[PDB]
file start.txt (compact mmCIF, N, CA and C atoms and all ligand atoms)
# COMPACT_ATOMS: atom_id res chain seq x y z
N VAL A 1 9.53 4.54 -15.53
CA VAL A 1 9.81 4.89 -16.92
C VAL A 1 11.32 4.61 -17.19
N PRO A 2 12.23 5.20 -16.42
CA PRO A 2 13.66 5.13 -16.79
C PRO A 2 14.27 3.78 -16.45
N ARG A 3 15.47 3.55 -16.99
CA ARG A 3 16.12 2.26 -16.73
C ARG A 3 16.55 2.16 -15.27
N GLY A 4 16.88 0.93 -14.88
CA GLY A 4 17.13 0.60 -13.50
C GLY A 4 15.88 0.39 -12.68
N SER A 5 14.69 0.63 -13.25
CA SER A 5 13.49 0.68 -12.42
C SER A 5 13.14 -0.69 -11.86
N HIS A 6 13.21 -1.73 -12.68
CA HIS A 6 12.83 -3.04 -12.18
C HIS A 6 13.88 -3.60 -11.22
N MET A 7 15.12 -3.15 -11.34
CA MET A 7 16.11 -3.44 -10.31
C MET A 7 15.71 -2.83 -8.96
N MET A 8 15.16 -1.62 -8.97
CA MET A 8 14.74 -0.99 -7.73
C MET A 8 13.49 -1.66 -7.17
N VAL A 9 12.58 -2.09 -8.05
CA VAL A 9 11.39 -2.80 -7.59
C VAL A 9 11.78 -4.11 -6.90
N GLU A 10 12.81 -4.80 -7.43
CA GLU A 10 13.28 -6.04 -6.82
C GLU A 10 13.61 -5.90 -5.34
N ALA A 11 14.06 -4.71 -4.90
CA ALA A 11 14.36 -4.54 -3.48
C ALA A 11 13.13 -4.73 -2.60
N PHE A 12 11.95 -4.49 -3.15
CA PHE A 12 10.69 -4.65 -2.43
C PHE A 12 10.12 -6.04 -2.56
N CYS A 13 10.71 -6.89 -3.39
CA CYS A 13 10.10 -8.17 -3.71
C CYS A 13 10.44 -9.17 -2.61
N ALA A 14 9.45 -9.47 -1.77
CA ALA A 14 9.59 -10.34 -0.60
C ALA A 14 8.20 -10.56 -0.03
N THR A 15 8.14 -11.36 1.03
CA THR A 15 6.93 -11.58 1.79
C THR A 15 7.08 -10.77 3.07
N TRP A 16 6.20 -9.78 3.27
CA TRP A 16 6.35 -8.79 4.33
C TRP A 16 5.24 -8.93 5.35
N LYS A 17 5.60 -9.05 6.63
CA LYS A 17 4.62 -9.18 7.71
C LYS A 17 4.57 -7.88 8.50
N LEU A 18 3.37 -7.39 8.80
CA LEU A 18 3.25 -6.16 9.58
C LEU A 18 3.82 -6.35 10.98
N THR A 19 4.70 -5.43 11.39
CA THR A 19 5.24 -5.49 12.75
C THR A 19 4.97 -4.25 13.58
N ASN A 20 4.55 -3.15 12.98
CA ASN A 20 4.17 -1.98 13.77
C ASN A 20 3.29 -1.08 12.92
N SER A 21 2.43 -0.35 13.61
CA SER A 21 1.52 0.58 12.94
C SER A 21 1.33 1.76 13.87
N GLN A 22 1.42 2.97 13.30
CA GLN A 22 1.28 4.21 14.05
C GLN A 22 0.29 5.12 13.33
N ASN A 23 -0.79 5.50 14.03
CA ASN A 23 -1.80 6.46 13.57
C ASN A 23 -2.72 5.93 12.47
N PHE A 24 -2.76 4.61 12.25
CA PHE A 24 -3.65 4.06 11.23
C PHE A 24 -5.13 4.31 11.52
N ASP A 25 -5.53 4.31 12.79
CA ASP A 25 -6.93 4.62 13.10
C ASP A 25 -7.31 6.01 12.60
N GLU A 26 -6.47 7.01 12.92
CA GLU A 26 -6.78 8.36 12.48
C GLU A 26 -6.78 8.46 10.96
N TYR A 27 -5.82 7.79 10.29
CA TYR A 27 -5.80 7.79 8.84
C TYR A 27 -7.08 7.18 8.26
N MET A 28 -7.51 6.02 8.79
CA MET A 28 -8.77 5.40 8.35
C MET A 28 -9.98 6.33 8.55
N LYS A 29 -10.05 7.01 9.69
CA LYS A 29 -11.15 7.95 9.93
C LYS A 29 -11.14 9.07 8.91
N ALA A 30 -9.96 9.65 8.65
CA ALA A 30 -9.87 10.77 7.72
C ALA A 30 -10.26 10.33 6.33
N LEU A 31 -9.90 9.10 5.97
CA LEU A 31 -10.20 8.53 4.67
C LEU A 31 -11.69 8.25 4.49
N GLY A 32 -12.45 8.14 5.57
CA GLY A 32 -13.86 7.87 5.47
C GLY A 32 -14.22 6.42 5.63
N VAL A 33 -13.30 5.60 6.13
CA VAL A 33 -13.56 4.18 6.31
C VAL A 33 -14.65 3.98 7.36
N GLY A 34 -15.59 3.08 7.07
CA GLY A 34 -16.70 2.84 7.97
C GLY A 34 -16.26 2.18 9.27
N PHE A 35 -17.12 2.30 10.29
CA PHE A 35 -16.77 1.86 11.64
C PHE A 35 -16.38 0.38 11.68
N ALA A 36 -17.19 -0.49 11.07
CA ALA A 36 -16.88 -1.91 11.15
C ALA A 36 -15.53 -2.22 10.53
N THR A 37 -15.23 -1.62 9.38
CA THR A 37 -13.94 -1.86 8.74
C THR A 37 -12.81 -1.30 9.58
N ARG A 38 -13.03 -0.19 10.29
CA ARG A 38 -11.97 0.30 11.17
C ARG A 38 -11.75 -0.66 12.33
N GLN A 39 -12.83 -1.17 12.92
CA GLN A 39 -12.66 -2.09 14.04
C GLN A 39 -11.78 -3.26 13.64
N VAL A 40 -12.00 -3.81 12.45
CA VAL A 40 -11.20 -4.95 12.02
C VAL A 40 -9.82 -4.49 11.60
N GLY A 41 -9.75 -3.37 10.89
CA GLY A 41 -8.48 -2.89 10.34
C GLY A 41 -7.47 -2.44 11.38
N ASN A 42 -7.93 -1.99 12.54
CA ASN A 42 -7.03 -1.57 13.60
C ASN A 42 -6.39 -2.75 14.31
N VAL A 43 -6.80 -3.98 14.02
CA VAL A 43 -6.33 -5.12 14.79
C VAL A 43 -5.63 -6.13 13.88
N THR A 44 -6.05 -6.22 12.62
CA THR A 44 -5.51 -7.24 11.72
C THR A 44 -4.06 -6.93 11.35
N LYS A 45 -3.27 -7.99 11.14
CA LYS A 45 -1.84 -7.88 10.85
C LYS A 45 -1.61 -8.49 9.48
N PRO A 46 -1.68 -7.71 8.40
CA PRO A 46 -1.59 -8.29 7.05
C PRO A 46 -0.19 -8.74 6.69
N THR A 47 -0.15 -9.65 5.74
CA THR A 47 1.08 -10.04 5.08
C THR A 47 1.00 -9.54 3.65
N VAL A 48 2.04 -8.85 3.19
CA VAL A 48 2.06 -8.24 1.87
C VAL A 48 3.15 -8.93 1.05
N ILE A 49 2.78 -9.55 -0.06
CA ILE A 49 3.74 -10.20 -0.96
C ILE A 49 3.89 -9.33 -2.19
N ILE A 50 5.11 -8.84 -2.44
CA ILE A 50 5.39 -8.03 -3.61
C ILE A 50 6.27 -8.85 -4.54
N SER A 51 5.92 -8.88 -5.81
CA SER A 51 6.64 -9.71 -6.77
C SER A 51 6.67 -9.02 -8.13
N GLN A 52 7.55 -9.51 -9.01
CA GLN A 52 7.57 -9.08 -10.40
C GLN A 52 7.24 -10.28 -11.27
N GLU A 53 6.36 -10.07 -12.24
CA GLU A 53 5.82 -11.15 -13.06
C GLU A 53 5.68 -10.59 -14.47
N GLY A 54 6.68 -10.86 -15.31
CA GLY A 54 6.77 -10.13 -16.56
C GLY A 54 7.36 -8.76 -16.29
N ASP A 55 6.83 -7.76 -16.99
CA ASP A 55 7.03 -6.36 -16.63
C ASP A 55 5.92 -5.86 -15.71
N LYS A 56 5.12 -6.79 -15.19
CA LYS A 56 4.08 -6.46 -14.22
C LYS A 56 4.66 -6.58 -12.82
N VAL A 57 4.27 -5.65 -11.98
CA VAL A 57 4.53 -5.72 -10.55
C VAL A 57 3.22 -6.16 -9.91
N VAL A 58 3.30 -7.03 -8.91
CA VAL A 58 2.10 -7.56 -8.26
C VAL A 58 2.22 -7.31 -6.78
N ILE A 59 1.16 -6.78 -6.16
CA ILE A 59 1.10 -6.61 -4.72
C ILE A 59 -0.11 -7.40 -4.22
N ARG A 60 0.15 -8.45 -3.45
CA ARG A 60 -0.86 -9.34 -2.91
C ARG A 60 -0.87 -9.20 -1.40
N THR A 61 -2.02 -8.87 -0.84
CA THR A 61 -2.17 -8.71 0.60
C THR A 61 -3.07 -9.81 1.15
N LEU A 62 -2.56 -10.55 2.13
CA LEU A 62 -3.31 -11.59 2.83
C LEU A 62 -3.59 -11.12 4.25
N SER A 63 -4.81 -11.32 4.72
CA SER A 63 -5.09 -11.02 6.12
C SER A 63 -6.22 -11.92 6.59
N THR A 64 -6.46 -11.87 7.90
CA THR A 64 -7.65 -12.48 8.50
C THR A 64 -8.90 -11.64 8.31
N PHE A 65 -8.90 -10.74 7.33
CA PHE A 65 -10.06 -9.90 7.03
C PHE A 65 -10.32 -9.91 5.53
N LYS A 66 -9.55 -9.11 4.79
CA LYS A 66 -9.67 -8.94 3.35
C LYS A 66 -8.38 -9.43 2.71
N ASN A 67 -8.49 -10.09 1.56
CA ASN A 67 -7.36 -10.41 0.70
C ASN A 67 -7.48 -9.54 -0.54
N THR A 68 -6.37 -8.95 -0.99
CA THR A 68 -6.45 -8.10 -2.17
C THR A 68 -5.29 -8.44 -3.09
N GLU A 69 -5.46 -8.13 -4.37
CA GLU A 69 -4.36 -8.31 -5.32
C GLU A 69 -4.44 -7.23 -6.37
N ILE A 70 -3.32 -6.55 -6.62
CA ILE A 70 -3.25 -5.59 -7.71
C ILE A 70 -2.04 -5.95 -8.55
N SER A 71 -2.17 -5.74 -9.86
CA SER A 71 -1.11 -6.01 -10.82
C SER A 71 -1.05 -4.83 -11.77
N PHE A 72 0.15 -4.31 -12.02
CA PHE A 72 0.25 -3.05 -12.74
C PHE A 72 1.61 -2.94 -13.42
N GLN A 73 1.69 -2.02 -14.35
CA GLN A 73 2.95 -1.56 -14.91
C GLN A 73 3.26 -0.21 -14.29
N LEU A 74 4.54 0.04 -14.01
CA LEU A 74 4.92 1.31 -13.42
C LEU A 74 4.44 2.46 -14.30
N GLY A 75 3.81 3.44 -13.69
CA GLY A 75 3.39 4.63 -14.41
C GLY A 75 2.11 4.51 -15.20
N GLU A 76 1.49 3.33 -15.27
CA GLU A 76 0.28 3.11 -16.06
C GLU A 76 -0.93 3.04 -15.13
N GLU A 77 -1.90 3.92 -15.37
CA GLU A 77 -3.09 3.96 -14.53
C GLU A 77 -3.89 2.67 -14.65
N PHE A 78 -4.46 2.23 -13.53
CA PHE A 78 -5.30 1.03 -13.53
C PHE A 78 -6.47 1.21 -12.57
N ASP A 79 -7.47 0.35 -12.74
CA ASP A 79 -8.63 0.31 -11.85
C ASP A 79 -8.32 -0.54 -10.63
N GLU A 80 -8.67 -0.04 -9.45
CA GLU A 80 -8.39 -0.75 -8.21
C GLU A 80 -9.63 -0.71 -7.34
N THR A 81 -10.03 -1.87 -6.80
CA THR A 81 -11.06 -1.91 -5.76
C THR A 81 -10.35 -2.21 -4.45
N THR A 82 -10.35 -1.24 -3.53
CA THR A 82 -9.49 -1.33 -2.36
C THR A 82 -10.12 -2.22 -1.29
N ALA A 83 -9.31 -2.53 -0.27
CA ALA A 83 -9.78 -3.37 0.83
C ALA A 83 -10.96 -2.74 1.57
N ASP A 84 -11.04 -1.40 1.60
CA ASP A 84 -12.18 -0.70 2.21
C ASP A 84 -13.26 -0.36 1.19
N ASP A 85 -13.25 -1.05 0.05
CA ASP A 85 -14.28 -1.00 -0.99
C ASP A 85 -14.42 0.38 -1.64
N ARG A 86 -13.30 1.04 -1.91
CA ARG A 86 -13.33 2.21 -2.78
C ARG A 86 -12.96 1.76 -4.19
N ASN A 87 -13.65 2.30 -5.20
CA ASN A 87 -13.31 2.02 -6.60
C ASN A 87 -12.50 3.21 -7.10
N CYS A 88 -11.20 2.99 -7.32
CA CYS A 88 -10.23 4.05 -7.56
C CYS A 88 -9.61 3.95 -8.94
N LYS A 89 -9.03 5.06 -9.38
CA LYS A 89 -8.05 5.04 -10.47
C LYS A 89 -6.69 5.20 -9.78
N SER A 90 -5.79 4.25 -10.00
CA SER A 90 -4.52 4.22 -9.29
C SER A 90 -3.34 4.23 -10.24
N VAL A 91 -2.21 4.73 -9.74
CA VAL A 91 -0.93 4.69 -10.46
C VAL A 91 0.16 4.38 -9.45
N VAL A 92 1.05 3.45 -9.79
CA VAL A 92 2.21 3.16 -8.95
C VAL A 92 3.45 3.52 -9.76
N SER A 93 4.33 4.32 -9.17
CA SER A 93 5.56 4.77 -9.82
C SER A 93 6.76 4.58 -8.90
N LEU A 94 7.97 4.70 -9.47
CA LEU A 94 9.17 4.89 -8.66
C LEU A 94 9.55 6.36 -8.56
N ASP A 95 9.94 6.76 -7.37
CA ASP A 95 10.53 8.06 -7.09
C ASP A 95 11.88 7.70 -6.47
N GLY A 96 12.89 7.54 -7.32
CA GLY A 96 14.19 7.14 -6.82
C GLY A 96 14.14 5.75 -6.24
N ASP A 97 14.25 5.65 -4.91
CA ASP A 97 14.21 4.35 -4.24
C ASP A 97 12.88 4.09 -3.55
N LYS A 98 11.85 4.82 -3.92
CA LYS A 98 10.57 4.72 -3.23
C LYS A 98 9.50 4.30 -4.22
N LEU A 99 8.61 3.41 -3.76
CA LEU A 99 7.52 2.93 -4.59
C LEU A 99 6.30 3.72 -4.13
N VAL A 100 5.71 4.51 -5.03
CA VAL A 100 4.67 5.49 -4.68
C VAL A 100 3.38 5.07 -5.35
N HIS A 101 2.32 4.91 -4.55
CA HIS A 101 1.02 4.45 -5.02
C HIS A 101 0.02 5.57 -4.77
N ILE A 102 -0.55 6.15 -5.83
CA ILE A 102 -1.54 7.23 -5.71
C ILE A 102 -2.91 6.69 -6.11
N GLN A 103 -3.91 6.94 -5.27
CA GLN A 103 -5.28 6.50 -5.50
C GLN A 103 -6.18 7.71 -5.65
N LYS A 104 -6.99 7.75 -6.71
CA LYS A 104 -7.94 8.85 -6.94
C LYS A 104 -9.37 8.33 -7.06
N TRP A 105 -10.31 8.99 -6.38
CA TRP A 105 -11.71 8.58 -6.41
C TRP A 105 -12.52 9.74 -5.82
N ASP A 106 -13.73 9.97 -6.34
CA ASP A 106 -14.68 10.92 -5.72
C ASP A 106 -14.08 12.30 -5.46
N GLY A 107 -13.18 12.74 -6.34
CA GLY A 107 -12.53 14.03 -6.19
C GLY A 107 -11.48 14.09 -5.10
N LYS A 108 -11.09 12.94 -4.57
CA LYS A 108 -10.18 12.82 -3.44
C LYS A 108 -8.94 12.06 -3.89
N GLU A 109 -7.89 12.15 -3.08
CA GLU A 109 -6.65 11.45 -3.39
C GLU A 109 -5.98 11.04 -2.08
N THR A 110 -5.37 9.86 -2.09
CA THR A 110 -4.53 9.40 -0.99
C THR A 110 -3.32 8.72 -1.62
N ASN A 111 -2.23 8.63 -0.86
CA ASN A 111 -1.05 8.01 -1.44
C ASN A 111 -0.33 7.21 -0.37
N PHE A 112 0.40 6.19 -0.83
CA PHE A 112 1.18 5.29 0.01
C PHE A 112 2.60 5.29 -0.54
N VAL A 113 3.57 5.67 0.29
CA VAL A 113 4.97 5.66 -0.11
C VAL A 113 5.63 4.50 0.61
N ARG A 114 6.24 3.57 -0.14
CA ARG A 114 6.96 2.46 0.45
C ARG A 114 8.45 2.66 0.26
N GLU A 115 9.22 2.36 1.30
CA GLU A 115 10.67 2.46 1.16
C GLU A 115 11.32 1.44 2.08
N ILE A 116 12.54 1.05 1.73
CA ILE A 116 13.30 0.12 2.56
C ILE A 116 14.14 0.95 3.52
N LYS A 117 14.00 0.68 4.81
CA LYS A 117 14.77 1.42 5.81
C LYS A 117 15.15 0.43 6.91
N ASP A 118 16.45 0.34 7.20
CA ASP A 118 16.96 -0.60 8.21
C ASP A 118 16.46 -2.02 7.94
N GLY A 119 16.42 -2.39 6.66
CA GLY A 119 16.02 -3.73 6.24
C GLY A 119 14.54 -4.02 6.32
N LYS A 120 13.74 -3.06 6.76
CA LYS A 120 12.29 -3.20 6.87
C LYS A 120 11.65 -2.47 5.72
N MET A 121 10.42 -2.84 5.39
CA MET A 121 9.65 -2.01 4.48
C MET A 121 8.78 -1.07 5.31
N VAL A 122 8.91 0.23 5.04
CA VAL A 122 8.17 1.25 5.77
C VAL A 122 7.22 1.93 4.80
N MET A 123 5.94 1.92 5.16
CA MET A 123 4.87 2.54 4.40
C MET A 123 4.33 3.77 5.10
N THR A 124 4.35 4.90 4.38
CA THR A 124 3.75 6.15 4.83
C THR A 124 2.45 6.37 4.07
N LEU A 125 1.35 6.47 4.80
CA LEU A 125 0.02 6.62 4.21
C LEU A 125 -0.45 8.05 4.50
N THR A 126 -0.85 8.79 3.46
CA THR A 126 -1.24 10.19 3.65
C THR A 126 -2.60 10.47 3.05
N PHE A 127 -3.47 11.11 3.84
CA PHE A 127 -4.73 11.65 3.34
C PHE A 127 -4.88 13.05 3.90
N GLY A 128 -4.78 14.04 3.03
CA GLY A 128 -4.79 15.42 3.52
C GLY A 128 -3.65 15.63 4.49
N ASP A 129 -3.97 16.16 5.68
CA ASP A 129 -2.97 16.40 6.70
C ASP A 129 -2.82 15.25 7.69
N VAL A 130 -3.38 14.07 7.39
CA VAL A 130 -3.35 12.93 8.31
C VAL A 130 -2.43 11.86 7.72
N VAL A 131 -1.47 11.41 8.54
CA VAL A 131 -0.44 10.48 8.10
C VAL A 131 -0.39 9.30 9.06
N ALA A 132 -0.28 8.08 8.51
CA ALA A 132 0.02 6.89 9.28
C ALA A 132 1.28 6.25 8.73
N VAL A 133 2.00 5.51 9.58
CA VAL A 133 3.24 4.86 9.17
C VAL A 133 3.18 3.41 9.65
N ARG A 134 3.45 2.47 8.74
CA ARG A 134 3.42 1.04 9.04
C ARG A 134 4.75 0.40 8.67
N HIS A 135 5.27 -0.45 9.56
CA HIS A 135 6.53 -1.17 9.35
C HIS A 135 6.24 -2.65 9.08
N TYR A 136 7.00 -3.23 8.16
CA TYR A 136 6.88 -4.65 7.82
C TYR A 136 8.27 -5.28 7.80
N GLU A 137 8.34 -6.55 8.19
CA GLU A 137 9.59 -7.30 8.19
C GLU A 137 9.48 -8.50 7.25
N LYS A 138 10.61 -8.89 6.68
CA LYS A 138 10.62 -10.02 5.76
C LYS A 138 10.33 -11.31 6.50
N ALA A 139 9.57 -12.19 5.85
CA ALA A 139 9.28 -13.52 6.36
C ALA A 139 10.03 -14.57 5.54
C1 LIG B 1 -5.90 -5.88 4.61
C2 LIG B 1 -6.75 -5.56 5.84
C3 LIG B 1 -6.76 -4.08 6.20
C4 LIG B 1 -8.15 -3.48 6.15
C5 LIG B 1 -8.18 -1.99 6.42
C6 LIG B 1 -8.95 -1.20 5.36
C7 LIG B 1 -8.61 0.29 5.35
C8 LIG B 1 -8.09 0.79 4.00
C9 LIG B 1 -6.88 1.74 4.09
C10 LIG B 1 -5.81 1.53 3.00
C11 LIG B 1 -5.20 0.09 2.97
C12 LIG B 1 -3.67 0.02 2.81
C13 LIG B 1 -2.91 -0.63 4.00
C14 LIG B 1 -3.68 -1.77 4.69
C15 LIG B 1 -3.09 -3.16 4.46
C16 LIG B 1 -1.53 -3.23 4.52
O1 LIG B 1 -1.05 -3.30 5.68
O2 LIG B 1 -0.92 -3.21 3.41

call {"tool": "encode", "arguments": {"input": "start.txt", "output": "structure tokens", "more": "lines below"}}
Ligand SMILES: CCCCCCCCCCCCCCCC(=O)O
result
Amino acid sequence: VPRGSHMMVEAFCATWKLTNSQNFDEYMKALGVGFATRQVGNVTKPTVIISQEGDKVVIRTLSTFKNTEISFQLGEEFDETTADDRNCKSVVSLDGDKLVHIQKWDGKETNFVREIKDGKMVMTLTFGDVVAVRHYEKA
């Protein structure tokens, strides 16, 4: 909403390759992801391209499994079909220097907080009391 926001989004705008993942299996289980999708998801190393296109922010994920693309305005709810095939109502906002993505579906909620730390993009994924953390490096 406030000014400076697209300047802060620009810090995330790059091509990001997964370089580490911690507790993603447990997060997927808590989320309700099916066994086959967990088997693939625990091994695949996605590339995430974040860009600005107009006043739209775009997050494109490429992998050897699922490719996804979402396009949104900060703070504006949108429909999202996730890589694990959930049909959600989502909102992406800024919280200071953090890009926060909240997904709502079936009376449930999960969120992904992205931040730049030591030049890497670090994603914290939370569902209830279960948290996973994924690191990405610029390509
Ligand atoms: C893109 C392939 C991953 C498939 C795993 C599906 C499990 C869904 C859990 C939420 C997805 C968000 C993070 C996974 C992709 C990423 O590294 O950005």

call {"tool": "residues_around", "arguments": {"input": "start.txt", "residues": "residue 134 (chain A)", "least_positions_apart": "4", "cutoff": "8 Å", "atoms": "all atoms listed in the file", "output": "list in words"}}
result
residues 18, 19, 20, 21, 22, 23, 24, 121, 122, 123, 124 and 125 of chain A

call {"tool": "select_by_dssp", "arguments": {"input": "start.txt", "residues": "region 73-103 of chain A", "states": "strand (DSSP E)", "output": "number ranges by chain"}}
result
A: 78-81, 87-95, 98-103

call {"tool": "closest_residue", "arguments": {"input": "start.txt", "among": "A:59, A:100, A:49, A:9", "to": "residue 112 (chain A)", "atoms": "all atoms listed in the file"}}
result
A:100

call {"tool": "residues_near_ligand", "arguments": {"input": "start.txt", "ligand": "ligand LIG 1 (chain B)", "cutoff": "6.5 Å", "atoms": "all atoms listed in the file", "output": "list in words"}}
result
residues 18, 28, 33, 37, 38, 40, 41, 42, 44, 45, 46, 47, 48, 61, 62, 63, 65, 66, 67, 68, 82, 83 and 84 of chain A

call {"tool": "closest_residue", "arguments": {"input": "start.txt", "among": "A:99, A:132, A:70, A:50", "to": "residue 14 (chain A)", "atoms": "all atoms listed in the file"}}
result
A:50

call {"tool": "select_by_dssp", "arguments": {"input": "start.txt", "residues": "chain A", "states": "alpha helix (DSSP H)", "output": "JSON, numbers by chain"}}
result
{"A": [5, 6, 7, 8, 9, 10, 24, 25, 26, 27, 28, 29, 30, 31, 35, 36, 37, 38, 39, 40, 41]}

call {"tool": "closest_residue", "arguments": {"input": "start.txt", "among": "A:52, A:39, A:103, A:110", "to": "residue 73 (chain A)", "atoms": "only C-alpha atoms"}}
result
A:52

call {"tool": "atom_distance", "arguments": {"input": "start.txt", "atom1": "atom C of residue 105 (chain A)", "atom2": "CA of residue 76 (chain A)"}}
result
17.7 Å

call {"tool": "atom_distance", "arguments": {"input": "start.txt", "atom1": "CA of residue 133 (chain A)", "atom2": "CA of residue 90 (chain A)"}}
result
20.0 Å

call {"tool": "closest_residue", "arguments": {"input": "start.txt", "among": "A:35, A:4, A:69, A:11", "to": "residue 115 (chain A)", "atoms": "all atoms listed in the file"}}
result
A:11

call {"tool": "closest_residue", "arguments": {"input": "start.txt", "among": "A:81, A:114, A:96, A:54", "to": "residue 1 (chain A)", "atoms": "only C-alpha atoms"}}
result
A:96

call {"tool": "closest_residue", "arguments": {"input": "start.txt", "among": "A:30, A:51, A:108, A:136", "to": "residue 120 (chain A)", "atoms": "only N, CA and C atoms"}}
result
A:136

call {"tool": "atom_distance", "arguments": {"input": "start.txt", "atom1": "atom C of residue 95 (chain A)", "atom2": "atom N of residue 117 (chain A)"}}
result
13.5 Å

call {"tool": "residues_around", "arguments": {"input": "start.txt", "residues": "residue 101 (chain A)", "least_positions_apart": "3", "cutoff": "6 Å", "atoms": "only N, CA and C atoms", "output": "PyMOL selection string"}}
result
chain A and resi 91-93+110-113

call {"tool": "write_last_selection", "arguments": {"input": "start.txt", "atoms": "N, CA and C atoms", "output": "compact mmCIF listing (two decimals), in the coordinates of the input"}}
result
# COMPACT_ATOMS: atom_id res chain seq x y z
N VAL A 91 -2.21 4.73 -9.74
CA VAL A 91 -0.93 4.69 -10.46
C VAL A 91 0.16 4.38 -9.45
N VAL A 92 1.05 3.45 -9.79
CA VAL A 92 2.21 3.16 -8.95
C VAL A 92 3.45 3.52 -9.76
N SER A 93 4.33 4.32 -9.17
CA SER A 93 5.56 4.77 -9.82
C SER A 93 6.76 4.58 -8.90
N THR A 110 -5.37 9.86 -2.09
CA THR A 110 -4.53 9.40 -0.99
C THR A 110 -3.32 8.72 -1.62
N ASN A 111 -2.23 8.63 -0.86
CA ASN A 111 -1.05 8.01 -1.44
C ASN A 111 -0.33 7.21 -0.37
N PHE A 112 0.40 6.19 -0.83
CA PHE A 112 1.18 5.29 0.01
C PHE A 112 2.60 5.29 -0.54
N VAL A 113 3.57 5.67 0.29
CA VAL A 113 4.97 5.66 -0.11
C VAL A 113 5.63 4.50 0.61

call {"tool": "decode", "arguments": {"input": "start.txt", "residues": "region 91-105 of chain A", "atoms": "C-alpha atoms", "output": "PDB file, in the first residue's frame"}}
result
ATOM      1  CA  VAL A  91      -2.765 -12.207  -0.778  1.00  0.00           C
ATOM      2  CA  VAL A  92       0.851 -11.061  -1.095  1.00  0.00           C
ATOM      3  CA  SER A  93       1.918  -7.994   0.915  1.00  0.00           C
ATOM      4  CA  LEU A  94       5.031  -6.212   2.154  1.00  0.00           C
ATOM      5  CA  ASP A  95       5.856  -6.212   5.849  1.00  0.00           C
ATOM      6  CA  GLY A  96       8.778  -3.818   5.880  1.00  0.00           C
ATOM      7  CA  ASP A  97      11.486  -5.700   3.990  1.00  0.00           C
ATOM      8  CA  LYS A  98       9.614  -8.996   3.803  1.00  0.00           C
ATOM      9  CA  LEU A  99       7.327 -10.305   1.080  1.00  0.00           C
ATOM     10  CA  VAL A 100       4.480 -12.181   2.817  1.00  0.00           C
ATOM     11  CA  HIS A 101       2.204 -14.604   0.938  1.00  0.00           C
ATOM     12  CA  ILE A 102      -0.923 -15.850   2.780  1.00  0.00           C
ATOM     13  CA  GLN A 103      -3.002 -18.705   1.323  1.00  0.00           C
ATOM     14  CA  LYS A 104      -6.539 -19.523   2.536  1.00  0.00           C
ATOM     15  CA  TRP A 105      -8.592 -22.607   1.599  1.00  0.00           C
TER      16      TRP A 105
END
